[PDB]
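Okay, here we've got a single chain as structure tokens, the form deposited in one PDB entry, with questions on binding and movement later.
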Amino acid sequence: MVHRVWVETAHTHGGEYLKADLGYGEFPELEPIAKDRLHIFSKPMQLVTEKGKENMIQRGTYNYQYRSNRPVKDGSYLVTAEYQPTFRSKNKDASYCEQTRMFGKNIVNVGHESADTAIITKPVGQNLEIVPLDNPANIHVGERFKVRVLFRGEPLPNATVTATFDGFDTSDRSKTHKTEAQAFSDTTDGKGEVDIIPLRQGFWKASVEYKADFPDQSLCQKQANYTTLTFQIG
């Protein structure tokens, strides 16, 4: 089971509590975070609004449910989740250390006709980050949704960005646990940007991963980053 990270938000109208969910596992099926994984999510998910980044409270039936501190107004906001860095041993004969980090970012439009770009287009500081350059509410089927990929604050050229949606691939309860089939794939340009072309309406997840050398070679050797951006089309 690969175990990737993404973020989901329920339909929220202005003035009520924004409920969100931390998906850790196989998209799009949410699952409770296991006992041996809790230390990985030591820091709660964050809500990004005009006042900035604020912590969310882990309230709900399951341990992956979060609720906003105060009610939220209409606008376009971000919900971010982080898999805190973990170290593990790998090989291939001269085993080595790898640091895994994962990030999830969800675009949430609180209120109909809300398609702001001021907040959602600003980088939030994730090691590997997908910054939307437009609001998904304006993107119809067949239109292009430009995003930028940033690694360590700089644009990432030639990075493979894939994208899928809930209901595209429907199989493999647990028999393979393989990564889901993608409905889109393309590489970023020199400015780190790529146009996602959605062919279906629904809840979409875009994904990018980068593997590189760890900065401090005297502590660890490799670093792997998996990042997703979740949004709505239509």
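Rigid core (definition): largest C-alpha set, two forms, superposition within 1.5 Å. Note that residue numbering follows the sequence shown and begins at 1.
One more form of this protein should be noted, the form deposited in another entry, which is absent from this view; the next part is about it.
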* Please look at 31, 186, 172, 169 and say which one has a C-alpha shift reaching 2 Å or more between this form and the one not shown, core superposed. => 172
* Structure fact -> The CA atoms of residue 210 and residue 172 move 3 Å or more in that other deposited form, ending up farther
* **Residue pair residue 207, residue 179 - Cα distance in that other deposited form, closer or farther (3 Å or more)** => farther
